[PDB]
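Please read the structure below before turning to the comments.
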Amino acid sequence: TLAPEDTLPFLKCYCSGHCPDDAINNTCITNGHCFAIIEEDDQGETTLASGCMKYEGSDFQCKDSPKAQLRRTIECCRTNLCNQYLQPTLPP
Amino acid sequence: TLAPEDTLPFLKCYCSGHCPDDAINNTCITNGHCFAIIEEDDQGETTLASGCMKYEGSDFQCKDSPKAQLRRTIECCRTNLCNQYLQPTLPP
Amino acid sequence: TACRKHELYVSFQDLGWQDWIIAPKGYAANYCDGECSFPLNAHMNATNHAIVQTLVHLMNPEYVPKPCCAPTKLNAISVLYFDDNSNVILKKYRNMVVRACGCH
Amino acid sequence: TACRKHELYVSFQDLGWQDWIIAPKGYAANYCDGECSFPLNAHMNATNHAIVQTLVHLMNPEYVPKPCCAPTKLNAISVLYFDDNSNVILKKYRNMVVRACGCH
Amino acid sequence: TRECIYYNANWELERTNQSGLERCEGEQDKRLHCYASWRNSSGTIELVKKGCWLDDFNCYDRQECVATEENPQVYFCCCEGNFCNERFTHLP
Amino acid sequence: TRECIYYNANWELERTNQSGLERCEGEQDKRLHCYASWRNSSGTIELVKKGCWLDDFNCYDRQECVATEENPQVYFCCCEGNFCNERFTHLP
Ligand SMILES: *[C@@H]1O[C@H](CO)[C@@H](O[C@@H]2O[C@H](CO)[C@@H](O[C@@H]3O[C@H](CO)[C@@H](O)[C@H](O)[C@@H]3O)[C@H](O)[C@H]2NC(C)=O)[C@H](O)[C@H]1NC(C)=O
Ligand SMILES: *[C@@H]1O[C@H](CO)[C@@H](O[C@@H]2O[C@H](CO)[C@@H](O[C@@H]3O[C@H](CO)[C@@H](O)[C@H](O)[C@@H]3O)[C@H](O)[C@H]2NC(C)=O)[C@H](O)[C@H]1NC(C)=O
Ligand SMILES: *[C@@H]1O[C@H](CO)[C@@H](O[C@@H]2O[C@H](CO)[C@@H](O[C@@H]3O[C@H](CO)[C@@H](O)[C@H](O)[C@@H]3O)[C@H](O)[C@H]2NC(C)=O)[C@H](O)[C@H]1NC(C)=O
Ligand SMILES: *[C@@H]1O[C@H](CO)[C@@H](O[C@@H]2O[C@H](CO)[C@@H](O[C@@H]3O[C@H](CO)[C@@H](O)[C@H](O)[C@@H]3O)[C@H](O)[C@H]2NC(C)=O)[C@H](O)[C@H]1NC(C)=O
Ligand SMILES: *[C@@H]1O[C@H](CO)[C@@H](O[C@@H]2O[C@H](CO)[C@@H](O)[C@H](O)[C@H]2NC(C)=O)[C@H](O)[C@H]1NC(C)=O
Ligand SMILES: *[C@@H]1O[C@H](CO)[C@@H](O[C@@H]2O[C@H](CO)[C@@H](O)[C@H](O)[C@H]2NC(C)=O)[C@H](O)[C@H]1NC(C)=O
Ligand SMILES: *[C@@H]1O[C@H](CO)[C@@H](O)[C@H](O)[C@H]1NC(C)=O
Ligand SMILES: *[C@@H]1O[C@H](CO)[C@@H](O)[C@H](O)[C@H]1NC(C)=O
């Protein structure tokens, strides 16, 4: 009836880093998944981010980092505000 | 019947600078206009160029240079290989 | 810094076209600027190929460059301009203003 | 240097997806690169807004940047991948390879 | 869903109508205006073109066709509404 | 305009056909191939999926379905032609 890559926005994602112009109380209305990335940039200071995906291409962006210079971990949960109470830790 | 901005390629332009992968004996099959630009880059060495336009937006690209840092002159003729025997000279 | 449709008002008066443009005397041609970095969110409208390219950029930051913040939706504007024989002509110039943006 | 569709073959073996991609084991995802400068020719496929932006860049090279060499035509590729329950699934991923390029 | 009074002095040039009622057609979620442009010279009024116009900042919420330009070659006024192309004035 | 032999072991999962003749549909100016993928284990052959495939470099001008992979989990072969999904082999 309608393709899953152009699916109606229903899922609700939370917002700490990537945060759009119209998110209300840090809430994104999305149609793909909810993601939480714990990348620490080069300098010892560590970062955090929790946001909403667009579903198209998420298959590539939802596996663990294959072979990248820095270390990153991205958990793709489809539950409303699952990225809320999420604290990942990069494995050595 | 069909819009002039999506017009069938018929015009024939000549090729000294901008020169596509499949121009045969320096000839471009276009649908807009034929242009000849005599811009000299900053360094005293002067350049030359003769090629084919895409018609869309040519109204802007076919007037004289309004207020630009360097000096350029672009003659937009719609005759086949008109840019061939064309040698412009920038006016002071 | 992120993929974001910035605001830009370009006036035909300073573009040398004031002699052959009756109206409008300047329109809002929003320009698109920013950077596209992993991950590409919902609002940063991206394609599958943009994601693949920005993933290849991770391993080889020198061989393949990052995708580009480019417009995705455009609108036409009506322009009432003079002709070569001082004839008034109306034309709807398509793809003139930017309505959205995304990583390409 | 000009807007030109370069050639790039990306292999899923070095992208960490060799465990859940049966075939193809790597496809030609041509990346788009180059520079867009005045004038924008017939082969450098351009829009009206790209021309307006690259004309504004002439007067103000600092306020507004040049248009970007970005893809204009894309094709889908068929991928036979594993699922989360070791189930073989075929899917036509749209917008994966680049067929053309232009200034946006 | 707008409607303006279409007038054109070059009807014979492009095989069009010299007058009539033009039903506006524009993109969704966008406003549609009417426009009136004429030639004024030493008290003589000679309309050149009246009709429809796409979304424009210069005529937001204007119920009359008032030209604000100070002595141009062709006077132009844009108005938002239905059948606002009836009259016009040159109040700057 | 190609045509392949569609086979699918997960017909009951997605409410599809376990077999049949599938008429290929692809983009213009692009070739269309057929593909056959099966499971081989100690002399036992168990087909999983046969059908259509878009343009791919790995199966240019191949009249048979020959798998060149050295002992993968699921054998795969791509062939260009009409009804080339009939047989298959594991010659590396
Ligand atoms: C990716 O594409 C989408 C869809 O075109 C773009 O979303 C658009 O974002 C703008 C800016 O926030 C929205 O405008 C605003 O919308 C509401 C209207 O109630 C309000 O907050 C403001 O008055 C303003 O008009 C626009 O509605 C929205 N479009 C849709 C369909 O939701 C997005 O900006 C694009 N990405 C980038 C990086 O530009
Ligand atoms: C702007 O868009 C056009 C149209 O898609 C692109 O033109 C395409 O250019 C390629 C490269 O030259 C052409 O491929 C070549 O065509 C002939 C086929 O006989 C031959 O020389 C080569 O074997 C090769 O296949 C392609 O046909 C052509 N497309 C069309 C419709 O003519 C152009 O490349 C785009 N601009 C940029 C900057 O990429
Ligand atoms: C075409 O051009 C003529 C000539 O410029 C315009 O006539 C002008 O009409 C305006 C109407 O507001 C006059 O301004 C007003 O005039 C009187 C004093 O003369 C007074 O009511 C106000 O103080 C104000 O100044 C203006 O004087 C008059 N110009 C001349 C030279 O008599 C006419 O309106 C134009 N018509 C169109 C359709 O554009
Ligand atoms: C499924 O797997 C079995 C087991 O590996 C495959 O049997 C193999 O068949 C090939 C056919 O070319 C045999 O290779 C040839 O065998 C003989 C000597 O044994 C000779 O003709 C050639 O020198 C060549 O080596 C191969 O030996 C045989 N493997 C075993 C263990 O007997 C079978 O083909 C596979 N089937 C599919 C549909 O993938
Ligand atoms: C455009 O012109 C046509 C043809 O003139 C208009 O149709 C009618 O034409 C007659 C003369 O043949 C006029 O007297 C009428 O006033 C015209 N209108 C009607 C409603 O009969 C036509 O209406 C004009 N407009 C459009 C939008 O096509
Ligand atoms: C998909 O399945 C349908 C339904 O099974 C096929 O239509 C026929 O179904 C009967 C059983 O109801 C089979 O015996 C026939 O072989 C099927 N084919 C024909 C031509 O009668 C249908 O053909 C299958 N394929 C497609 C592409 O829909
Ligand atoms: C948003 O938060 C405000 C206070 O921060 C609260 O009063 C309100 O309930 C919330 N509204 C919505 C629409 O989420
Ligand atoms: C192109 O030029 C070659 C020699 O440069 C000449 O023999 C031939 O006539 C020309 N062919 C075409 C198709 O223009």
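Letters A, B, ... mark the chains of the structure tokens in the order given; residue numbers begin at 1 per chain; ligand numbers begin at 1, in order shown.
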For the reference chain A, what are the coordinates of chain B after least-squares fitting (all Cα, in-order pairing), as a CSV table (one decimal) with N, CA and C atoms, in the first residue's frame?
chain,number,residue,atom,x,y,z
B,1,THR,N,0.8,-1.2,0.0
B,1,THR,CA,0.0,0.0,0.0
B,1,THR,C,0.9,1.2,0.0
B,2,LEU,N,1.9,1.3,0.9
B,2,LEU,CA,2.8,2.4,0.9
B,2,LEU,C,4.2,1.8,1.4
B,3,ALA,N,5.3,2.3,0.8
B,3,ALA,CA,6.6,1.7,1.0
B,3,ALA,C,7.1,2.1,2.4
B,4,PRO,N,7.9,1.1,3.0
B,4,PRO,CA,8.4,1.4,4.3
B,4,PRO,C,9.5,2.4,4.3
B,5,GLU,N,10.1,2.8,3.2
B,5,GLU,CA,11.1,3.9,3.1
B,5,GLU,C,10.4,5.2,3.0
B,6,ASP,N,9.1,5.3,2.7
B,6,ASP,CA,8.4,6.6,2.8
B,6,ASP,C,7.3,6.5,3.7
B,7,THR,N,7.6,6.0,4.9
B,7,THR,CA,6.5,5.7,5.9
B,7,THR,C,6.1,6.9,6.7
B,8,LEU,N,4.8,6.9,7.1
B,8,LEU,CA,4.3,8.1,7.8
B,8,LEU,C,5.0,8.3,9.1
B,9,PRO,N,5.4,9.5,9.4
B,9,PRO,CA,6.1,9.7,10.7
B,9,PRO,C,5.2,9.5,11.9
B,10,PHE,N,5.6,8.6,12.8
B,10,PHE,CA,4.9,8.3,14.0
B,10,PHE,C,5.8,8.2,15.2
B,11,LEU,N,7.0,7.5,15.1
B,11,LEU,CA,7.8,7.3,16.2
B,11,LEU,C,8.3,8.6,16.8
B,12,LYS,N,8.6,8.5,18.1
B,12,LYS,CA,9.0,9.7,18.9
B,12,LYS,C,10.4,9.5,19.5
B,13,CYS,N,11.3,10.3,19.1
B,13,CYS,CA,12.7,10.2,19.5
B,13,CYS,C,13.1,11.4,20.4
B,14,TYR,N,14.2,11.2,21.2
B,14,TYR,CA,14.6,12.2,22.1
B,14,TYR,C,15.9,12.9,21.6
B,15,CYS,N,16.3,14.0,22.3
B,15,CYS,CA,17.0,15.1,21.6
B,15,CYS,C,18.0,15.6,22.6
B,16,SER,N,19.3,15.5,22.4
B,16,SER,CA,20.3,16.0,23.2
B,16,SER,C,21.4,16.7,22.4
B,17,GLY,N,21.7,16.1,21.2
B,17,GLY,CA,22.7,16.6,20.3
B,17,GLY,C,22.0,17.2,19.1
B,18,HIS,N,21.9,16.4,18.0
B,18,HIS,CA,21.1,16.7,16.9
B,18,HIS,C,19.7,17.1,17.2
B,19,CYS,N,19.3,18.3,17.1
B,19,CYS,CA,18.0,18.8,17.7
B,19,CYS,C,17.4,19.8,16.8
B,20,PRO,N,16.2,19.5,16.2
B,20,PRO,CA,15.7,20.3,15.0
B,20,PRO,C,15.1,21.6,15.5
B,21,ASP,N,14.7,22.4,14.5
B,21,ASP,CA,14.2,23.7,14.8
B,21,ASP,C,12.9,23.7,15.5
B,22,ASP,N,12.1,22.6,15.4
B,22,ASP,CA,10.7,22.6,15.9
B,22,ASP,C,10.5,21.4,16.9
B,23,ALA,N,11.5,20.7,17.3
B,23,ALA,CA,11.4,19.8,18.4
B,23,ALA,C,10.9,20.5,19.7
B,24,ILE,N,9.8,19.9,20.3
B,24,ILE,CA,9.1,20.5,21.4
B,24,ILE,C,9.6,19.7,22.7
B,25,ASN,N,10.2,20.4,23.6
B,25,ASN,CA,10.7,19.8,24.8
B,25,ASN,C,11.6,18.6,24.5
B,26,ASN,N,12.5,18.8,23.5
B,26,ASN,CA,13.4,17.8,23.0
B,26,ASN,C,12.7,16.5,22.6
B,27,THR,N,11.9,16.6,21.6
B,27,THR,CA,11.2,15.5,21.0
B,27,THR,C,11.1,15.6,19.5
B,28,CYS,N,11.5,14.6,18.8
B,28,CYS,CA,11.5,14.6,17.3
B,28,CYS,C,10.5,13.6,16.9
B,29,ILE,N,9.6,14.0,15.9
B,29,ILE,CA,8.6,13.1,15.3
B,29,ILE,C,9.2,12.5,14.0
B,30,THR,N,9.5,11.2,14.1
B,30,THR,CA,10.3,10.6,13.0
B,30,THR,C,9.5,9.4,12.5
B,31,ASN,N,10.1,8.7,11.6
B,31,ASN,CA,9.5,7.5,11.0
B,31,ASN,C,10.4,6.3,11.0
B,32,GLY,N,11.7,6.5,11.2
B,32,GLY,CA,12.7,5.4,11.2
B,32,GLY,C,12.9,4.8,12.6
B,33,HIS,N,14.1,5.2,13.2
B,33,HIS,CA,14.5,4.6,14.5
B,33,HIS,C,15.0,5.7,15.4
B,34,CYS,N,15.4,5.3,16.6
B,34,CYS,CA,15.9,6.2,17.6
B,34,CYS,C,17.3,5.7,17.9
B,35,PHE,N,18.2,6.7,18.0
B,35,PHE,CA,19.7,6.3,18.0
B,35,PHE,C,20.4,7.1,19.1
B,36,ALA,N,21.4,6.5,19.6
B,36,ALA,CA,22.2,7.1,20.7
B,36,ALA,C,23.7,6.8,20.4
B,37,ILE,N,24.4,7.8,20.1
B,37,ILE,CA,25.8,7.7,19.7
B,37,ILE,C,26.7,8.3,20.8
B,38,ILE,N,27.7,7.5,21.2
B,38,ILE,CA,28.6,7.9,22.3
B,38,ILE,C,30.0,8.3,21.8
B,39,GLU,N,30.1,8.8,20.6
B,39,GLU,CA,31.5,9.1,20.1
B,39,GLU,C,32.1,10.1,20.9
B,40,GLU,N,33.4,9.9,21.2
B,40,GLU,CA,34.2,10.9,21.9
B,40,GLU,C,35.2,11.4,20.8
B,41,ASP,N,35.2,12.7,20.6
B,41,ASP,CA,36.1,13.2,19.6
B,41,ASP,C,37.6,13.0,20.1
B,42,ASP,N,38.5,13.1,19.2
B,42,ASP,CA,39.9,12.9,19.4
B,42,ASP,C,40.4,13.3,20.9
B,43,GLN,N,40.1,14.5,21.3
B,43,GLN,CA,40.5,15.0,22.5
B,43,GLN,C,39.8,14.3,23.6
B,44,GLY,N,40.4,14.0,24.8
B,44,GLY,CA,39.9,13.2,25.8
B,44,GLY,C,38.5,13.5,26.2
B,45,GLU,N,38.1,14.7,26.1
B,45,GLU,CA,36.7,15.1,26.4
B,45,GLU,C,35.7,14.2,25.5
B,46,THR,N,34.7,13.6,26.2
B,46,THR,CA,33.8,12.7,25.6
B,46,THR,C,32.5,13.4,25.3
B,47,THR,N,31.8,12.9,24.3
B,47,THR,CA,30.5,13.5,23.8
B,47,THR,C,29.3,12.6,24.0
B,48,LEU,N,28.1,13.1,23.7
B,48,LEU,CA,27.0,12.2,23.8
B,48,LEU,C,26.0,12.7,22.8
B,49,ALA,N,25.1,11.9,22.3
B,49,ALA,CA,24.1,12.3,21.3
B,49,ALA,C,23.0,11.3,21.2
B,50,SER,N,21.7,11.8,21.1
B,50,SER,CA,20.5,11.0,21.0
B,50,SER,C,19.5,11.7,20.1
B,51,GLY,N,19.1,11.0,19.0
B,51,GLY,CA,18.3,11.6,18.1
B,51,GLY,C,17.5,10.6,17.2
B,52,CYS,N,16.9,11.1,16.1
B,52,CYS,CA,16.0,10.4,15.3
B,52,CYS,C,16.5,10.2,13.9
B,53,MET,N,16.3,9.0,13.4
B,53,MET,CA,16.9,8.6,12.1
B,53,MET,C,15.8,8.8,11.0
B,54,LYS,N,16.2,8.6,9.7
B,54,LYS,CA,15.2,8.8,8.7
B,54,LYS,C,14.8,7.5,8.0
B,55,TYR,N,15.3,6.4,8.6
B,55,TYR,CA,15.0,5.0,8.2
B,55,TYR,C,15.7,4.7,6.9
B,56,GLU,N,15.7,5.6,5.9
B,56,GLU,CA,16.4,5.3,4.6
B,56,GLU,C,17.8,5.2,4.9
B,57,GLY,N,18.5,4.1,4.6
B,57,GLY,CA,19.9,3.9,4.9
B,57,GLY,C,20.2,3.6,6.3
B,58,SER,N,19.2,3.4,7.2
B,58,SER,CA,19.5,3.1,8.6
B,58,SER,C,20.2,1.7,8.7
B,59,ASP,N,19.9,0.8,7.7
B,59,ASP,CA,20.5,-0.5,7.8
B,59,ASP,C,22.1,-0.4,7.8
B,60,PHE,N,22.6,0.5,7.1
B,60,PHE,CA,24.0,0.8,7.2
B,60,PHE,C,24.4,1.6,8.5
B,61,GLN,N,23.6,2.4,9.0
B,61,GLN,CA,23.9,3.3,10.1
B,61,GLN,C,23.5,2.7,11.5
B,62,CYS,N,23.2,1.4,11.5
B,62,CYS,CA,22.7,0.8,12.7
B,62,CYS,C,23.5,-0.4,13.1
B,63,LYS,N,24.4,-0.9,12.4
B,63,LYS,CA,25.5,-1.8,12.8
B,63,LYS,C,26.6,-1.1,13.6
B,64,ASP,N,27.4,-1.9,14.2
B,64,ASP,CA,28.5,-1.3,14.9
B,64,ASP,C,29.6,-0.8,14.0
B,65,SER,N,30.4,0.1,14.4
B,65,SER,CA,31.4,0.7,13.6
B,65,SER,C,32.3,-0.3,13.0
B,66,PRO,N,32.4,-0.5,11.7
B,66,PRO,CA,33.1,-1.6,11.1
B,66,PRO,C,34.6,-1.5,11.2
B,67,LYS,N,35.2,-0.4,10.7
B,67,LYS,CA,36.6,-0.1,10.8
B,67,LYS,C,36.8,1.4,10.7
B,68,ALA,N,36.6,2.1,11.8
B,68,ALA,CA,36.7,3.6,11.7
B,68,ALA,C,37.8,4.1,12.6
B,69,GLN,N,38.3,5.3,12.3
B,69,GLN,CA,39.5,5.8,13.0
B,69,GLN,C,39.1,6.0,14.5
B,70,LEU,N,38.0,6.7,14.8
B,70,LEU,CA,37.6,6.8,16.2
B,70,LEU,C,36.8,5.6,16.5
B,71,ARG,N,36.3,5.6,17.8
B,71,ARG,CA,35.4,4.5,18.2
B,71,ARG,C,34.0,5.0,18.5
B,72,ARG,N,33.0,4.3,18.0
B,72,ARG,CA,31.6,4.8,18.2
B,72,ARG,C,30.7,3.6,18.4
B,73,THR,N,29.6,3.8,19.1
B,73,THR,CA,28.6,2.7,19.3
B,73,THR,C,27.2,3.4,19.2
B,74,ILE,N,26.4,2.8,18.3
B,74,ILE,CA,25.1,3.4,18.0
B,74,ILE,C,24.0,2.3,18.2
B,75,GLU,N,23.1,2.5,19.2
B,75,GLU,CA,22.0,1.6,19.5
B,75,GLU,C,20.8,2.1,18.8
B,76,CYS,N,20.2,1.3,17.9
B,76,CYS,CA,19.0,1.7,17.2
B,76,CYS,C,17.8,1.0,17.7
B,77,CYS,N,17.1,1.6,18.6
B,77,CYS,CA,15.9,1.1,19.2
B,77,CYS,C,14.6,1.8,18.6
B,78,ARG,N,13.6,1.1,18.4
B,78,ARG,CA,12.3,1.6,17.8
B,78,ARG,C,11.3,1.9,18.9
B,79,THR,N,11.6,2.0,20.2
B,79,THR,CA,10.7,2.3,21.2
B,79,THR,C,10.7,3.8,21.6
B,80,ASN,N,9.5,4.4,21.9
B,80,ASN,CA,9.4,5.8,22.1
B,80,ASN,C,10.3,6.2,23.3
B,81,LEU,N,11.2,7.2,23.0
B,81,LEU,CA,12.1,7.7,24.0
B,81,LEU,C,12.9,6.6,24.7
B,82,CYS,N,13.4,5.6,23.8
B,82,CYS,CA,14.3,4.6,24.3
B,82,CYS,C,15.7,5.1,24.5
B,83,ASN,N,16.2,6.0,23.6
B,83,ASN,CA,17.4,6.7,23.7
B,83,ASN,C,17.5,7.7,24.9
B,84,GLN,N,16.4,7.8,25.6
B,84,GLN,CA,16.3,8.7,26.8
B,84,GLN,C,17.3,8.2,27.8
B,85,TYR,N,17.0,7.0,28.4
B,85,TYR,CA,17.7,6.4,29.5
B,85,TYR,C,18.8,5.4,29.0
B,86,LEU,N,19.7,5.9,28.1
B,86,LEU,CA,20.7,5.1,27.5
B,86,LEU,C,22.1,5.7,27.7
B,87,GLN,N,23.0,5.0,28.2
B,87,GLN,CA,24.4,5.4,28.5
B,87,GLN,C,25.3,4.3,27.9
B,88,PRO,N,25.7,4.4,26.7
B,88,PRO,CA,26.6,3.4,26.1
B,88,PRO,C,28.1,3.6,26.6
B,89,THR,N,28.9,2.6,26.4
B,89,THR,CA,30.3,2.6,26.8
B,89,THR,C,31.1,1.9,25.8
B,90,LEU,N,32.1,2.6,25.1
B,90,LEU,CA,32.8,2.1,24.0
B,90,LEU,C,33.7,0.9,24.5
B,91,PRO,N,33.6,-0.2,23.8
B,91,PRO,CA,34.4,-1.4,24.2
B,91,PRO,C,35.8,-1.3,23.7
B,92,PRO,N,36.8,-1.7,24.5
B,92,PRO,CA,38.2,-1.7,24.0
B,92,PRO,C,38.5,-2.7,23.0
> Which parts of stretch 7-67 of chain A does DSSP call alpha helix (DSSP H) when run on the backbone here, written out as a list in words?
Replying inline: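 Written out, the alpha helix (DSSP H) residues of stretch 7-67 of chain A are residues 58, 59, 60 and 61 of chain A.
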>> List the spatial neighbours of stretch 26-31 of chain E as a list in words - criterion: any atom at most 10 Å away, only C-alpha atoms, same-chain residues fewer than 3 positions off excluded.
In response: residues 75 and 76 of chain C; 1, 2, 52, 53, 54, 55, 56, 60, 80 and 81 of chain E
>> Using only C-alpha atoms and all ligand atoms, which residues of the polymer chains come no farther than 6 Å from ligand 2? I'd like the answer as a ChimeraX atom specification.
In response: /B:21-22 /D:3-5,43-45,100-102
> Could you write out, as a PyMOL selection string, all the residues of chain B that DSSP marks as strand (DSSP E or B)?
Replying inline: chain B and resi 11-14+27-30+34-37+49-52+74-77
>> Let me see if you get this right: every residue at most 6 Å from ligand 6, counting only C-alpha atoms and all ligand atoms, written as a PyMOL selection string.
In response: chain F and resi 17+20+22
>> With 12 Å as the limit and counting only C-alpha atoms, what residues in chain F lie close to chain D? Please list them as number ranges by chain.
In response: F: 7-11, 13-14, 25-39, 47-59, 67-69, 72-78
> ligand 5: which residues are within 10 Å, counting only C-alpha atoms and all ligand atoms, as a list in words?
Replying inline: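 Sorted by chain and then by number, the residues are residues 6, 15, 16, 17, 18, 19, 20, 21, 22 and 23 of chain E.
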> Mind pulling up the distance from atom CA of residue E:65 to atom CA of residue E:90?
Replying inline: 8.9 Å
>> Taking only C-alpha atoms and all ligand atoms into account, which residues have an atom no farther than 7 Å from ligand 4? I'd like them as a ChimeraX atom specification.
In response: /F:40-45,75,88-91
>> Within 6 Å of chain A, which residues belong to chain C? Use only C-alpha atoms and report them as a PyMOL selection string.
In response: chain C and resi 41-42+48+58-59
